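Colleague: Sharing a structure here in structure tokens format.
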Amino acid sequence: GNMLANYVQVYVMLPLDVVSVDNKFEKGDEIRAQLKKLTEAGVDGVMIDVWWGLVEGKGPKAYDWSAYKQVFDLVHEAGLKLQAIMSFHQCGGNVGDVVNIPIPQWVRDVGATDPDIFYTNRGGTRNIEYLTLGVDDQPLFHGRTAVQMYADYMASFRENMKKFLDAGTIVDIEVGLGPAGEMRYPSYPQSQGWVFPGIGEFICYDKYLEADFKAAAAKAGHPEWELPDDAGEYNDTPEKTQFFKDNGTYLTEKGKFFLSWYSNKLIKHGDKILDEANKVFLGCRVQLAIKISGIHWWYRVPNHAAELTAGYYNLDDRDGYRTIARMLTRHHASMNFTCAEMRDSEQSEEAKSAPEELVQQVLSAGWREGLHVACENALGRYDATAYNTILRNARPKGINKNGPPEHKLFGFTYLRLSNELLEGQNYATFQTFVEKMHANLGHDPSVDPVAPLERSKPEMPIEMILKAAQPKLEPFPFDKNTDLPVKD
């Protein structure tokens, strides 16, 4: 047979500051020159955050797409594909961050009288990076619900970016579903004192979510159940808490119920927003995608505390990522993950980290459910070893010289475009990496054509999503090293 299906697309994330904090595009010459280097390297496309805080920052439904239209023109001009992130979250916000784009001010002004629009921890601190899913359907924003704001925003995107959708330049719409665009709770915020590898905190104490839990608990026959109060704080370790210790509460009926409620609220948050995104982009030659955070710390202990507080109900015998993958199937949505470049030996022992096992579990879960799985690197790397790790995860069993690979990533996106990537040995090493991802076949402008987006299949009962959690299956086999390594 033939081995064309070993080809893995490579995308490059554009710089964080590509559009200025005042929603102006001022880097036309630089970007054009940078994209020229990417085409010379055989890159398939680029990816960009489309910041809600810029486009709708001046007022409700006051959409200004003018800066992004200019960037998209340069990408189209370059013959590159484009993945657009609907970025409903804050950019920056930490002391020292250069690019700071909070969510629109008129949205946050509602918090002056209703601070419960923000994800809230047990101590009462409000996180302003992203609106709590508890107000998904609360009409608090000049009459609109949060989901309405997101759907209207994506609708205006489709109408205004018609030229690039019709031409096929845009191939993916990534729907931001939480902090950093990731479908998770803000369980480890730097802005509130979290330091790696703290277990994080459950962030479900805003009045809307607490009322939701109260109702669910009452209906379950346990009105005495309250939200956890024994889980510790951001920087604790699992054994210093009653919730996560051995024979802790997370193993009790009470704990199991809360964790199920917590993680299920997140899954249905994505399910409903993907449903509305599917209707907005119906007929467009795009695939919808979500982004899953790579919470690799405390993976090597039974409590998986850091994953649990982020909203991923993942245990040694419970696959908290295949449930998410099962939810995505009806939307034909792709699952975008991270940590593609990480090796277990690169992490510290005290963090109980296992990024390789995490990546293998997530990829395997997506592949078991027939999804397109794509990945990013979590940290900026320019060394051959990082690329060889990505190559391993891109084709776990290497090249199939007489057919399609057993499994493969649908794509990889490199974080992140910069001048240091495009100079000297960094650029030469990157170009070799693209060649190996393409299986030495060369850049293919027409690979993986995107079919017109079809309507989501019928919504599943939560039982069908939860069925995927157990029995937890072993991951598909991954080779230790790629068969197509890059020379240092």
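For chain A, we keep the numbers from Swiss-Prot: what you see runs 3-490, in order.
From the backbone N, Cα and C atoms, a Cβ is placed for every residue, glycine too.
Relevant sequence annotations retrieved from Swiss-Prot are reproduced here:
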- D51, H91, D99, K293, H298, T340, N379, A380, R418: substrate binding site (BINDING)
- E184: active site, proton donor (ACT_SITE)
- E378: active site, proton acceptor (ACT_SITE)
Colleague: Since the record lists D51, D99, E184, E378 as recorded positions, which of them has the fewest other Cβ atoms within 10 Å of its Cβ?
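Modeller: With the recorded positions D51, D99, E184, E378, fewest surrounding Cβ atoms within 10 Å: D99.
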Colleague: Counting only residues 6+ away in sequence within the same chain, which have a CB under 8 Å from the CB of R418 (substrate binding site)?
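Modeller: In sequence order, the residues whose Cβ lies under 8 Å from that of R418 (substrate binding site) (at least 6 apart) are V14, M15, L16, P17, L18, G382.
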Colleague: Quick check for the class: what is the C-alpha distance, in angstrom and rounded, between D99 (substrate binding site) and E184 (active site, proton donor)?
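Modeller: A Cα-Cα distance of 19 Å.
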Colleague: Tell me the Cβ neighbour count for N379 (substrate binding site), meaning other Cβ atoms within 10 Å of its Cβ, over all protein chains shown.
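Modeller: Here the count is 21.
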Colleague: Would you count the other CB atoms within 10 A of the CB of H298 (substrate binding site), including those on all shown protein chains?
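Modeller: The Cβ of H298 (substrate binding site) has 25 Cβ neighbours within 10 Å.
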Colleague: Just report the maximum Cα pair distance in Å for the recorded substrate binders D51, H91, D99, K293, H298, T340, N379, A380, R418, no decimals.
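Modeller: Spelled out: the longest distance between any two Cα atoms in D51, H91, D99, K293, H298, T340, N379, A380, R418 is 24 Å.
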Colleague: For the residue listed as 'active site, proton donor', identify the closest of the binding-site residues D51, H298, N379, judging by Cα separation.
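Modeller: Closest recorded candidate to the residue listed as 'active site, proton donor' by Cα: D51.
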Colleague: Cα distance, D51 (substrate binding site) to the residue listed as 'active site, proton acceptor', nearest Å?
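Modeller: Cα of the residue listed as 'active site, proton acceptor' to Cα of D51 (substrate binding site) measures 14 Å after rounding.
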